[PDB]
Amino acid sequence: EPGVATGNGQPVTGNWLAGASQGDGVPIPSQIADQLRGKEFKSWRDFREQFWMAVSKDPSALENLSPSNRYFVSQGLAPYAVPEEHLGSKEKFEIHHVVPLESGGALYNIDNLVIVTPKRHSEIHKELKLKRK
């Protein structure tokens, strides 16, 4: 579903992915949002690839990735999370829609995105489901 990205992200210092395994996940750094906002995307896959390429071009965001993960984001691929944070065949950091798409959330609004591990993304959706009761 094609669209235009919007949103600004957050000012982030330090290790921007450390919190991806916990809580609400981590916001998108504003300097990554700046490389995407206003651009048109053909599909979610297109956005995801350009998102990780934007990460690859930012020294601050690259600094807390392993060397192998720096290679992968330079190819527009998501970096791998540690094994304890995998969920079935899902092994890489995921972009989660904070208000889910299925709950009226925006697809390419960067302020509706966080990064989460596969394990934490699944937990967040379980928790959202429970809280409907």
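A residue's number is simply how far along the shown sequence it sits, counting from 1.
**Residue range whose averaged C-alpha B-factor is higher in the record, 27 to 35 or 68 to 76** = Mean C-alpha B-factor is greater for 27 to 35.
**Request:** Could you check which stretch, 17 to 25 or 107 to 115, carries the larger mean CA temperature factor in the entry?
**Result:** Higher of the two, by average CA B-factor, is 17 to 25.
**Request:** In terms of CA temperature factor as recorded, identify the highest of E91, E63, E49, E40.
**Result:** Highest C-alpha B-factor among the listed options: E40.
**Message:** Can you tell me whether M53 has a C-alpha B-factor in the lowest, middle or highest third compared with the other modelled residues of the same chain?
**Reply:** According to the entry, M53 has a C-alpha B-factor in the chain's middle third.
**Asked** If you rank the chain by CA B-factor, which third does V82 end up in: lowest, middle or highest?
**Response** It falls in the middle third of the chain.
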